[PDB]
$ cat data-v8.txt   # compact mmCIF, N, CA and C atoms
# COMPACT_ATOMS: atom_id res chain seq x y z
N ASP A 1 -10.58 29.88 2.53
CA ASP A 1 -10.88 28.42 2.63
C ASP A 1 -10.03 27.64 1.61
N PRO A 2 -8.98 26.94 2.05
CA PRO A 2 -8.17 26.17 1.10
C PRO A 2 -8.85 24.86 0.66
N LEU A 3 -8.34 24.27 -0.43
CA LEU A 3 -8.80 22.97 -0.88
C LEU A 3 -8.17 21.90 0.02
N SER A 4 -8.82 21.69 1.17
CA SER A 4 -8.30 20.81 2.22
C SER A 4 -8.70 19.38 1.99
N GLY A 5 -9.80 19.16 1.29
CA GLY A 5 -10.19 17.83 0.91
C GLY A 5 -9.51 17.44 -0.37
N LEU A 6 -10.01 16.38 -0.98
CA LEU A 6 -9.40 15.87 -2.19
C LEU A 6 -10.16 16.31 -3.41
N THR A 7 -9.40 16.75 -4.41
CA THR A 7 -9.95 16.99 -5.75
C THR A 7 -10.33 15.68 -6.42
N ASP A 8 -11.04 15.81 -7.53
CA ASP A 8 -11.46 14.64 -8.27
C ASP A 8 -10.22 13.89 -8.76
N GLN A 9 -9.20 14.59 -9.22
CA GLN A 9 -7.99 13.87 -9.59
C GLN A 9 -7.28 13.17 -8.42
N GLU A 10 -7.38 13.75 -7.22
CA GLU A 10 -6.75 13.17 -6.04
C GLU A 10 -7.48 11.91 -5.60
N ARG A 11 -8.80 11.88 -5.77
CA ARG A 11 -9.60 10.72 -5.42
C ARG A 11 -9.25 9.59 -6.36
N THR A 12 -9.15 9.92 -7.65
CA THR A 12 -8.76 8.94 -8.65
C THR A 12 -7.34 8.45 -8.38
N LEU A 13 -6.46 9.38 -8.06
CA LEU A 13 -5.11 9.02 -7.73
C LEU A 13 -5.10 8.03 -6.56
N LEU A 14 -5.95 8.26 -5.55
CA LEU A 14 -6.01 7.36 -4.41
C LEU A 14 -6.41 5.98 -4.88
N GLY A 15 -7.43 5.91 -5.72
CA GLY A 15 -7.93 4.64 -6.20
C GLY A 15 -6.87 3.92 -6.98
N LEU A 16 -6.12 4.64 -7.80
CA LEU A 16 -5.10 3.97 -8.61
C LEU A 16 -3.87 3.52 -7.82
N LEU A 17 -3.52 4.28 -6.79
CA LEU A 17 -2.48 3.88 -5.84
C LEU A 17 -2.82 2.58 -5.14
N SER A 18 -4.10 2.39 -4.84
CA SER A 18 -4.54 1.19 -4.15
C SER A 18 -4.46 -0.07 -5.03
N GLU A 19 -4.34 0.12 -6.35
CA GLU A 19 -4.15 -0.98 -7.28
C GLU A 19 -2.69 -1.33 -7.40
N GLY A 20 -1.81 -0.55 -6.76
CA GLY A 20 -0.39 -0.83 -6.83
C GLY A 20 0.31 -0.31 -8.06
N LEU A 21 -0.38 0.55 -8.81
CA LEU A 21 0.23 1.13 -9.98
C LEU A 21 1.37 2.06 -9.60
N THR A 22 2.41 2.04 -10.41
CA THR A 22 3.52 2.96 -10.25
C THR A 22 3.07 4.30 -10.80
N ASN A 23 3.89 5.32 -10.60
CA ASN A 23 3.62 6.64 -11.14
C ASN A 23 3.53 6.62 -12.66
N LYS A 24 4.33 5.77 -13.31
CA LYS A 24 4.35 5.74 -14.76
C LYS A 24 3.06 5.11 -15.29
N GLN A 25 2.59 4.09 -14.62
CA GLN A 25 1.35 3.44 -15.01
C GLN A 25 0.14 4.35 -14.80
N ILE A 26 0.17 5.11 -13.70
CA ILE A 26 -0.88 6.07 -13.37
C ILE A 26 -0.91 7.15 -14.43
N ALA A 27 0.28 7.63 -14.76
CA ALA A 27 0.42 8.70 -15.74
C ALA A 27 -0.15 8.23 -17.08
N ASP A 28 0.04 6.96 -17.39
CA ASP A 28 -0.41 6.40 -18.66
C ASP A 28 -1.94 6.33 -18.71
N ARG A 29 -2.55 6.08 -17.57
CA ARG A 29 -4.02 6.09 -17.48
C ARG A 29 -4.66 7.50 -17.39
N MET A 30 -3.93 8.47 -16.85
CA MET A 30 -4.43 9.83 -16.66
C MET A 30 -4.01 10.79 -17.76
N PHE A 31 -3.28 10.26 -18.74
CA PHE A 31 -2.69 11.09 -19.78
C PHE A 31 -1.91 12.26 -19.17
N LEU A 32 -1.06 11.95 -18.21
CA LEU A 32 -0.19 12.95 -17.62
C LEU A 32 1.27 12.55 -17.81
N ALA A 33 2.20 13.47 -17.53
CA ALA A 33 3.61 13.10 -17.46
C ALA A 33 3.84 12.43 -16.13
N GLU A 34 4.77 11.48 -16.10
CA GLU A 34 5.11 10.81 -14.88
C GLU A 34 5.53 11.80 -13.79
N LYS A 35 6.25 12.87 -14.16
CA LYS A 35 6.73 13.84 -13.16
C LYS A 35 5.55 14.58 -12.50
N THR A 36 4.49 14.83 -13.26
CA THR A 36 3.28 15.42 -12.72
C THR A 36 2.61 14.48 -11.68
N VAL A 37 2.50 13.21 -12.01
CA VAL A 37 1.91 12.25 -11.10
C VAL A 37 2.74 12.18 -9.83
N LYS A 38 4.05 12.11 -9.97
CA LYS A 38 4.94 12.13 -8.80
C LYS A 38 4.69 13.34 -7.92
N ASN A 39 4.51 14.50 -8.54
CA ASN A 39 4.26 15.71 -7.80
C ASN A 39 2.89 15.67 -7.16
N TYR A 40 1.90 15.10 -7.86
CA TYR A 40 0.55 15.01 -7.33
C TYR A 40 0.53 14.02 -6.15
N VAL A 41 1.34 12.95 -6.20
CA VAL A 41 1.35 11.99 -5.10
C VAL A 41 1.96 12.65 -3.86
N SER A 42 3.03 13.40 -4.07
CA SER A 42 3.66 14.12 -2.98
C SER A 42 2.70 15.07 -2.27
N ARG A 43 1.94 15.83 -3.05
CA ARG A 43 0.97 16.78 -2.51
C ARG A 43 -0.14 16.08 -1.75
N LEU A 44 -0.56 14.94 -2.29
CA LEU A 44 -1.66 14.18 -1.74
C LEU A 44 -1.24 13.62 -0.37
N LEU A 45 -0.06 13.01 -0.29
CA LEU A 45 0.50 12.54 0.96
C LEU A 45 0.65 13.67 2.00
N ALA A 46 1.15 14.81 1.57
CA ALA A 46 1.31 15.97 2.45
C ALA A 46 -0.04 16.41 3.02
N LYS A 47 -1.02 16.57 2.14
CA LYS A 47 -2.37 16.93 2.54
C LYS A 47 -2.89 16.00 3.64
N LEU A 48 -2.72 14.71 3.42
CA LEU A 48 -3.26 13.69 4.30
C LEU A 48 -2.40 13.45 5.54
N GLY A 49 -1.23 14.05 5.60
CA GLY A 49 -0.32 13.83 6.71
C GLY A 49 0.27 12.43 6.73
N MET A 50 0.67 11.93 5.56
CA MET A 50 1.28 10.63 5.48
C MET A 50 2.64 10.75 4.78
N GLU A 51 3.52 9.77 4.99
CA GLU A 51 4.86 9.83 4.39
C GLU A 51 5.06 8.84 3.25
N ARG A 52 4.20 7.83 3.18
CA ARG A 52 4.46 6.73 2.27
C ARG A 52 3.23 6.29 1.53
N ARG A 53 3.50 5.86 0.30
CA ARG A 53 2.52 5.34 -0.61
C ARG A 53 1.61 4.30 0.00
N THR A 54 2.21 3.39 0.75
CA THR A 54 1.44 2.32 1.34
C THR A 54 0.38 2.86 2.31
N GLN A 55 0.69 3.92 3.05
CA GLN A 55 -0.27 4.51 3.97
C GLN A 55 -1.46 5.06 3.21
N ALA A 56 -1.22 5.73 2.07
CA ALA A 56 -2.30 6.27 1.26
C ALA A 56 -3.08 5.14 0.67
N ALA A 57 -2.38 4.11 0.20
CA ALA A 57 -3.12 2.96 -0.31
C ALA A 57 -4.02 2.30 0.73
N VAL A 58 -3.56 2.20 1.98
CA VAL A 58 -4.36 1.58 3.01
C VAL A 58 -5.53 2.50 3.35
N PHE A 59 -5.28 3.80 3.38
CA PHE A 59 -6.38 4.73 3.63
C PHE A 59 -7.46 4.67 2.53
N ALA A 60 -7.05 4.56 1.28
CA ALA A 60 -7.99 4.38 0.16
C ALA A 60 -8.87 3.12 0.36
N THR A 61 -8.23 2.02 0.73
CA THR A 61 -8.92 0.75 0.91
C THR A 61 -10.00 0.82 1.99
N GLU A 62 -9.63 1.40 3.12
CA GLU A 62 -10.52 1.52 4.26
C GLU A 62 -11.65 2.45 3.93
N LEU A 63 -11.36 3.47 3.13
CA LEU A 63 -12.38 4.41 2.67
C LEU A 63 -13.44 3.77 1.75
N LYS A 64 -13.01 2.94 0.81
CA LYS A 64 -13.91 2.24 -0.11
C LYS A 64 -14.99 1.47 0.64
N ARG A 65 -14.64 0.89 1.78
CA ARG A 65 -15.60 0.08 2.52
C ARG A 65 -16.29 0.90 3.61
N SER A 66 -15.59 1.85 4.22
CA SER A 66 -16.18 2.64 5.31
C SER A 66 -17.20 3.66 4.78
N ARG A 67 -16.99 4.12 3.56
CA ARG A 67 -17.90 5.10 2.98
C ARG A 67 -17.89 4.96 1.46
N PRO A 68 -18.55 3.92 0.96
CA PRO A 68 -18.63 3.65 -0.49
C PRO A 68 -19.32 4.77 -1.27
N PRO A 69 -18.82 5.10 -2.46
CA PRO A 69 -19.41 6.17 -3.29
C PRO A 69 -20.88 5.94 -3.70
N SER B 1 -10.27 -25.87 -1.65
CA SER B 1 -11.60 -25.30 -2.02
C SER B 1 -11.55 -23.80 -2.21
N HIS B 2 -12.67 -23.26 -2.66
CA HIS B 2 -12.90 -21.81 -2.73
C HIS B 2 -12.95 -21.16 -1.34
N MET B 3 -13.24 -21.95 -0.31
CA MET B 3 -13.37 -21.44 1.06
C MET B 3 -12.06 -21.46 1.85
N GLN B 4 -10.97 -21.86 1.20
CA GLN B 4 -9.69 -22.00 1.89
C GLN B 4 -9.11 -20.64 2.27
N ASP B 5 -8.51 -20.58 3.46
CA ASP B 5 -7.84 -19.38 3.95
C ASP B 5 -7.00 -18.75 2.83
N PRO B 6 -7.28 -17.49 2.51
CA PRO B 6 -6.48 -16.76 1.51
C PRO B 6 -5.00 -16.67 1.88
N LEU B 7 -4.67 -16.86 3.16
CA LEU B 7 -3.29 -16.84 3.61
C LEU B 7 -2.66 -18.23 3.61
N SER B 8 -3.39 -19.22 3.10
CA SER B 8 -2.87 -20.57 3.02
C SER B 8 -1.48 -20.57 2.38
N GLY B 9 -0.54 -21.28 2.99
CA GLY B 9 0.80 -21.39 2.41
C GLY B 9 1.78 -20.35 2.90
N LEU B 10 1.29 -19.33 3.58
CA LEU B 10 2.18 -18.41 4.28
C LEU B 10 2.56 -18.98 5.64
N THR B 11 3.80 -18.75 6.07
CA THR B 11 4.23 -19.05 7.45
C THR B 11 3.65 -18.05 8.43
N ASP B 12 3.67 -18.41 9.71
CA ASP B 12 3.20 -17.50 10.75
C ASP B 12 3.90 -16.15 10.68
N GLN B 13 5.21 -16.19 10.45
CA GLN B 13 6.00 -14.99 10.31
C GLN B 13 5.59 -14.15 9.10
N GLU B 14 5.29 -14.80 7.98
CA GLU B 14 4.84 -14.09 6.78
C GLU B 14 3.45 -13.47 7.01
N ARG B 15 2.63 -14.16 7.78
CA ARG B 15 1.32 -13.59 8.13
C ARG B 15 1.48 -12.34 8.98
N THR B 16 2.33 -12.42 9.99
CA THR B 16 2.60 -11.25 10.81
C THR B 16 3.16 -10.10 9.98
N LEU B 17 4.07 -10.43 9.07
CA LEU B 17 4.68 -9.43 8.19
C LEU B 17 3.65 -8.71 7.37
N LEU B 18 2.82 -9.51 6.71
CA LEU B 18 1.64 -9.01 6.07
C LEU B 18 0.82 -8.04 6.93
N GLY B 19 0.51 -8.43 8.15
CA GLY B 19 -0.31 -7.59 9.01
C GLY B 19 0.35 -6.26 9.37
N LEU B 20 1.67 -6.28 9.49
CA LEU B 20 2.42 -5.09 9.87
C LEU B 20 2.69 -4.22 8.65
N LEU B 21 2.88 -4.85 7.50
CA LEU B 21 2.89 -4.12 6.24
C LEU B 21 1.66 -3.26 6.08
N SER B 22 0.50 -3.82 6.40
CA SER B 22 -0.76 -3.11 6.26
C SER B 22 -0.98 -1.98 7.27
N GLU B 23 -0.13 -1.88 8.28
CA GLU B 23 -0.18 -0.74 9.19
C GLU B 23 0.64 0.44 8.65
N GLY B 24 1.22 0.26 7.47
CA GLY B 24 1.97 1.33 6.86
C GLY B 24 3.41 1.43 7.36
N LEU B 25 3.90 0.42 8.06
CA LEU B 25 5.22 0.53 8.69
C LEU B 25 6.37 0.34 7.72
N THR B 26 7.51 0.94 8.03
CA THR B 26 8.71 0.65 7.28
C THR B 26 9.34 -0.67 7.65
N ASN B 27 10.25 -1.12 6.79
CA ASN B 27 11.04 -2.30 7.07
C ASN B 27 11.70 -2.14 8.43
N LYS B 28 12.22 -0.96 8.72
CA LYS B 28 12.91 -0.75 10.02
C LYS B 28 11.93 -0.84 11.15
N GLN B 29 10.77 -0.24 10.97
CA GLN B 29 9.75 -0.32 12.00
C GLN B 29 9.31 -1.75 12.23
N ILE B 30 9.05 -2.48 11.15
CA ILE B 30 8.72 -3.92 11.24
C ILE B 30 9.82 -4.69 11.93
N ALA B 31 11.08 -4.45 11.54
CA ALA B 31 12.21 -5.15 12.15
C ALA B 31 12.25 -4.96 13.67
N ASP B 32 12.09 -3.71 14.11
CA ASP B 32 11.99 -3.40 15.53
C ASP B 32 10.89 -4.21 16.24
N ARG B 33 9.74 -4.36 15.61
CA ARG B 33 8.65 -5.08 16.26
C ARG B 33 8.83 -6.61 16.24
N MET B 34 9.55 -7.10 15.24
CA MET B 34 9.73 -8.53 15.04
C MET B 34 11.04 -9.05 15.60
N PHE B 35 11.87 -8.16 16.16
CA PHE B 35 13.22 -8.47 16.61
C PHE B 35 13.98 -9.13 15.48
N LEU B 36 14.04 -8.45 14.34
CA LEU B 36 14.77 -8.95 13.18
C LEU B 36 15.62 -7.82 12.69
N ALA B 37 16.64 -8.14 11.91
CA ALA B 37 17.43 -7.10 11.27
C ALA B 37 16.60 -6.50 10.12
N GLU B 38 16.79 -5.22 9.81
CA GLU B 38 16.06 -4.59 8.75
C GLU B 38 16.29 -5.29 7.41
N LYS B 39 17.54 -5.70 7.14
CA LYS B 39 17.82 -6.40 5.89
C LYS B 39 17.04 -7.71 5.82
N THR B 40 16.89 -8.39 6.96
CA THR B 40 16.13 -9.63 7.01
C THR B 40 14.65 -9.39 6.64
N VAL B 41 14.07 -8.33 7.18
CA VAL B 41 12.70 -7.99 6.85
C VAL B 41 12.59 -7.67 5.35
N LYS B 42 13.55 -6.93 4.81
CA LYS B 42 13.55 -6.59 3.39
C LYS B 42 13.55 -7.87 2.52
N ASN B 43 14.43 -8.81 2.82
CA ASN B 43 14.37 -10.14 2.20
C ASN B 43 12.99 -10.85 2.36
N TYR B 44 12.45 -10.87 3.58
CA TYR B 44 11.18 -11.52 3.82
C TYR B 44 10.05 -10.90 3.03
N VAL B 45 10.06 -9.59 2.89
CA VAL B 45 9.04 -8.89 2.15
C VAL B 45 9.07 -9.33 0.68
N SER B 46 10.25 -9.50 0.12
CA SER B 46 10.37 -9.94 -1.27
C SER B 46 9.87 -11.37 -1.41
N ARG B 47 10.21 -12.23 -0.44
CA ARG B 47 9.75 -13.60 -0.48
C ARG B 47 8.23 -13.66 -0.33
N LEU B 48 7.69 -12.83 0.56
CA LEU B 48 6.26 -12.76 0.78
C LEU B 48 5.58 -12.37 -0.50
N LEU B 49 6.06 -11.29 -1.11
CA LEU B 49 5.48 -10.79 -2.33
C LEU B 49 5.55 -11.85 -3.42
N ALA B 50 6.69 -12.51 -3.57
CA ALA B 50 6.77 -13.71 -4.46
C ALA B 50 5.66 -14.70 -4.22
N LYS B 51 5.46 -15.08 -2.97
CA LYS B 51 4.40 -16.00 -2.62
C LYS B 51 3.02 -15.50 -2.97
N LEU B 52 2.78 -14.20 -2.81
CA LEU B 52 1.46 -13.66 -3.08
C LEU B 52 1.24 -13.38 -4.56
N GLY B 53 2.28 -13.53 -5.38
CA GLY B 53 2.14 -13.24 -6.79
C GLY B 53 2.02 -11.74 -7.05
N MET B 54 2.67 -10.93 -6.22
CA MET B 54 2.56 -9.48 -6.33
C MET B 54 3.91 -8.82 -6.49
N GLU B 55 3.91 -7.62 -7.08
CA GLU B 55 5.15 -6.92 -7.36
C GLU B 55 5.48 -5.85 -6.37
N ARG B 56 4.49 -5.32 -5.68
CA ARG B 56 4.78 -4.16 -4.84
C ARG B 56 4.15 -4.15 -3.47
N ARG B 57 4.88 -3.53 -2.56
CA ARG B 57 4.49 -3.37 -1.17
C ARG B 57 3.04 -2.97 -1.03
N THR B 58 2.60 -1.99 -1.82
CA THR B 58 1.25 -1.45 -1.72
C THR B 58 0.22 -2.47 -2.00
N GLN B 59 0.51 -3.34 -2.97
CA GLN B 59 -0.41 -4.39 -3.29
C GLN B 59 -0.60 -5.33 -2.09
N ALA B 60 0.47 -5.64 -1.36
CA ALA B 60 0.37 -6.52 -0.18
C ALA B 60 -0.41 -5.83 0.91
N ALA B 61 -0.18 -4.54 1.11
CA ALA B 61 -0.83 -3.83 2.19
C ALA B 61 -2.33 -3.73 1.92
N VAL B 62 -2.69 -3.52 0.66
CA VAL B 62 -4.10 -3.44 0.30
C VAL B 62 -4.78 -4.81 0.45
N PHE B 63 -4.11 -5.85 0.01
CA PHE B 63 -4.66 -7.20 0.13
C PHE B 63 -4.92 -7.55 1.59
N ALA B 64 -4.01 -7.19 2.46
CA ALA B 64 -4.13 -7.50 3.87
C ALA B 64 -5.24 -6.71 4.53
N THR B 65 -5.40 -5.45 4.13
CA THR B 65 -6.41 -4.57 4.68
C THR B 65 -7.78 -5.12 4.34
N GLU B 66 -7.93 -5.57 3.11
CA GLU B 66 -9.16 -6.22 2.62
C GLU B 66 -9.46 -7.45 3.47
N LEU B 67 -8.43 -8.23 3.75
CA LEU B 67 -8.65 -9.43 4.54
C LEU B 67 -9.08 -9.09 5.95
N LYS B 68 -8.59 -7.97 6.48
CA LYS B 68 -8.87 -7.63 7.87
C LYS B 68 -10.37 -7.43 8.07
N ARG B 69 -11.07 -6.93 7.05
CA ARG B 69 -12.53 -6.92 7.06
C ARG B 69 -13.10 -8.24 6.53

$ encode --input "data-v8.txt" --output "structure tokens"
Amino acid sequence: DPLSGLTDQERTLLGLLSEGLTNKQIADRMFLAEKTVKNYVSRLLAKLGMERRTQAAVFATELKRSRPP
Amino acid sequence: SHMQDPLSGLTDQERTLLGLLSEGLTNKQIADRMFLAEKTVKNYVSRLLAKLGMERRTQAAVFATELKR
């Protein structure tokens, strides 16, 4: 059984992408290197079957309202 | 007023651009749908973002998604 859903960091990453933060800004909030965030965004997009940041951001937005935490 | 259309001051074309941005489309994809050159859409996106007081594509797509609900 692979980790097919989102980890806690991936959920946070989704939320921060929806604020329009760049990888460097995200990294600054997560205490990570920018290259790590870039790699995490790539994995997250791949998992979700999307190619672009904006798609993930739109999916995050729709999720916040369709199924609030 | 506080009740004024959040899209106030955008042209019809900028509103459409906004709506298509929020579908996750590329400049080329938008251009194809709007019968515009891709470079023209790229310029319009920058002007749109200027108008919205935003720096990045993702921010526009999220704002539009929010408005759609």

$ atom_distance --input "data-v8.txt" --atom1 "atom C of residue 30 (chain B)" --atom2 "atom N of residue 6 (chain B)"
23.3 Å

$ atom_distance --input "data-v8.txt" --atom1 "CA of residue 13 (chain B)" --atom2 "CA of residue 19 (chain A)"
24.7 Å

$ interface_residues --input "data-v8.txt" --of "chain A" --to "chain B" --cutoff "6.5 Å" --atoms "all atoms listed in the file" --output "JSON, numbers by chain"
{"A": [18, 19, 20, 53, 54, 55, 57, 58, 61]}

$ atom_distance --input "data-v8.txt" --atom1 "atom C of residue 45 (chain A)" --atom2 "CA of residue 16 (chain B)"
26.5 Å

$ select_by_dssp --input "data-v8.txt" --residues "chain A" --states "alpha helix (DSSP H)" --output "MDAnalysis selection string"
chainID A and resid 8:17 23:30 34:48 53:66

$ write_last_selection --input "data-v8.txt" --atoms "N, CA and C atoms" --output "short mmCIF file (atom, residue, chain, number, x, y, z; two decimals), in the frame of the given file"
data_model
loop_
_atom_site.label_atom_id
_atom_site.label_comp_id
_atom_site.auth_asym_id
_atom_site.auth_seq_id
_atom_site.Cartn_x
_atom_site.Cartn_y
_atom_site.Cartn_z
N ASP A 8 -11.04 15.81 -7.53
CA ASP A 8 -11.46 14.64 -8.27
C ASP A 8 -10.22 13.89 -8.76
N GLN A 9 -9.20 14.59 -9.22
CA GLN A 9 -7.99 13.87 -9.59
C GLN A 9 -7.28 13.17 -8.42
N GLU A 10 -7.38 13.75 -7.22
CA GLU A 10 -6.75 13.17 -6.04
C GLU A 10 -7.48 11.91 -5.60
N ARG A 11 -8.80 11.88 -5.77
CA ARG A 11 -9.60 10.72 -5.42
C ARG A 11 -9.25 9.59 -6.36
N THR A 12 -9.15 9.92 -7.65
CA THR A 12 -8.76 8.94 -8.65
C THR A 12 -7.34 8.45 -8.38
N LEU A 13 -6.46 9.38 -8.06
CA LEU A 13 -5.11 9.02 -7.73
C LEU A 13 -5.10 8.03 -6.56
N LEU A 14 -5.95 8.26 -5.55
CA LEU A 14 -6.01 7.36 -4.41
C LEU A 14 -6.41 5.98 -4.88
N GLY A 15 -7.43 5.91 -5.72
CA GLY A 15 -7.93 4.64 -6.20
C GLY A 15 -6.87 3.92 -6.98
N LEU A 16 -6.12 4.64 -7.80
CA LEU A 16 -5.10 3.97 -8.61
C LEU A 16 -3.87 3.52 -7.82
N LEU A 17 -3.52 4.28 -6.79
CA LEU A 17 -2.48 3.88 -5.84
C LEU A 17 -2.82 2.58 -5.14
N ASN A 23 3.89 5.32 -10.60
CA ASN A 23 3.62 6.64 -11.14
C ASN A 23 3.53 6.62 -12.66
N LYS A 24 4.33 5.77 -13.31
CA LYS A 24 4.35 5.74 -14.76
C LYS A 24 3.06 5.11 -15.29
N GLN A 25 2.59 4.09 -14.62
CA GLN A 25 1.35 3.44 -15.01
C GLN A 25 0.14 4.35 -14.80
N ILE A 26 0.17 5.11 -13.70
CA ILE A 26 -0.88 6.07 -13.37
C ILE A 26 -0.91 7.15 -14.43
N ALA A 27 0.28 7.63 -14.76
CA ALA A 27 0.42 8.70 -15.74
C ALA A 27 -0.15 8.23 -17.08
N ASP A 28 0.04 6.96 -17.39
CA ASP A 28 -0.41 6.40 -18.66
C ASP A 28 -1.94 6.33 -18.71
N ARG A 29 -2.55 6.08 -17.57
CA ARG A 29 -4.02 6.09 -17.48
C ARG A 29 -4.66 7.50 -17.39
N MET A 30 -3.93 8.47 -16.85
CA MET A 30 -4.43 9.83 -16.66
C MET A 30 -4.01 10.79 -17.76
N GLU A 34 4.77 11.48 -16.10
CA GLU A 34 5.11 10.81 -14.88
C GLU A 34 5.53 11.80 -13.79
N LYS A 35 6.25 12.87 -14.16
CA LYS A 35 6.73 13.84 -13.16
C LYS A 35 5.55 14.58 -12.50
N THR A 36 4.49 14.83 -13.26
CA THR A 36 3.28 15.42 -12.72
C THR A 36 2.61 14.48 -11.68
N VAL A 37 2.50 13.21 -12.01
CA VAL A 37 1.91 12.25 -11.10
C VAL A 37 2.74 12.18 -9.83
N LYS A 38 4.05 12.11 -9.97
CA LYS A 38 4.94 12.13 -8.80
C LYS A 38 4.69 13.34 -7.92
N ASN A 39 4.51 14.50 -8.54
CA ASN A 39 4.26 15.71 -7.80
C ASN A 39 2.89 15.67 -7.16
N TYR A 40 1.90 15.10 -7.86
CA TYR A 40 0.55 15.01 -7.33
C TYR A 40 0.53 14.02 -6.15
N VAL A 41 1.34 12.95 -6.20
CA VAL A 41 1.35 11.99 -5.10
C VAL A 41 1.96 12.65 -3.86
N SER A 42 3.03 13.40 -4.07
CA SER A 42 3.66 14.12 -2.98
C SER A 42 2.70 15.07 -2.27
N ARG A 43 1.94 15.83 -3.05
CA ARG A 43 0.97 16.78 -2.51
C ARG A 43 -0.14 16.08 -1.75
N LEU A 44 -0.56 14.94 -2.29
CA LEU A 44 -1.66 14.18 -1.74
C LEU A 44 -1.24 13.62 -0.37
N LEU A 45 -0.06 13.01 -0.29
CA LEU A 45 0.50 12.54 0.96
C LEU A 45 0.65 13.67 2.00
N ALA A 46 1.15 14.81 1.57
CA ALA A 46 1.31 15.97 2.45
C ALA A 46 -0.04 16.41 3.02
N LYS A 47 -1.02 16.57 2.14
CA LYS A 47 -2.37 16.93 2.54
C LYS A 47 -2.89 16.00 3.64
N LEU A 48 -2.72 14.71 3.42
CA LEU A 48 -3.26 13.69 4.30
C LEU A 48 -2.40 13.45 5.54
N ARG A 53 3.50 5.86 0.30
CA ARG A 53 2.52 5.34 -0.61
C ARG A 53 1.61 4.30 0.00
N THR A 54 2.21 3.39 0.75
CA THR A 54 1.44 2.32 1.34
C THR A 54 0.38 2.86 2.31
N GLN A 55 0.69 3.92 3.05
CA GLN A 55 -0.27 4.51 3.97
C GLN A 55 -1.46 5.06 3.21
N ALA A 56 -1.22 5.73 2.07
CA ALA A 56 -2.30 6.27 1.26
C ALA A 56 -3.08 5.14 0.67
N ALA A 57 -2.38 4.11 0.20
CA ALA A 57 -3.12 2.96 -0.31
C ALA A 57 -4.02 2.30 0.73
N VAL A 58 -3.56 2.20 1.98
CA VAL A 58 -4.36 1.58 3.01
C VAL A 58 -5.53 2.50 3.35
N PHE A 59 -5.28 3.80 3.38
CA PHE A 59 -6.38 4.73 3.63
C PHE A 59 -7.46 4.67 2.53
N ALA A 60 -7.05 4.56 1.28
CA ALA A 60 -7.99 4.38 0.16
C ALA A 60 -8.87 3.12 0.36
N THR A 61 -8.23 2.02 0.73
CA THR A 61 -8.92 0.75 0.91
C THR A 61 -10.00 0.82 1.99
N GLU A 62 -9.63 1.40 3.12
CA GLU A 62 -10.52 1.52 4.26
C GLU A 62 -11.65 2.45 3.93
N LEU A 63 -11.36 3.47 3.13
CA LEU A 63 -12.38 4.41 2.67
C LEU A 63 -13.44 3.77 1.75
N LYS A 64 -13.01 2.94 0.81
CA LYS A 64 -13.91 2.24 -0.11
C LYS A 64 -14.99 1.47 0.64
N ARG A 65 -14.64 0.89 1.78
CA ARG A 65 -15.60 0.08 2.52
C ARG A 65 -16.29 0.90 3.61
N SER A 66 -15.59 1.85 4.22
CA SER A 66 -16.18 2.64 5.31
C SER A 66 -17.20 3.66 4.78
#

$ closest_residue --input "data-v8.txt" --among "A:30, A:36, A:17, A:24" --to "residue 60 (chain A)" --atoms "all atoms listed in the file"
A:17

$ residues_near_point --input "data-v8.txt" --point "(0.2, -16.8, 3.0)" --cutoff "10 Å" --atoms "only C-alpha atoms" --output "MDAnalysis selection string"
chainID B and resid 5:16 18 48:49 51:52

$ residues_around --input "data-v8.txt" --residues "residue 40 (chain A)" --least-positions-apart "4" --cutoff "12 Å" --atoms "only C-alpha atoms" --output "MDAnalysis selection string"
chainID A and resid 6:7 9:14 17 23 26:27 30 32:36 44:47 53
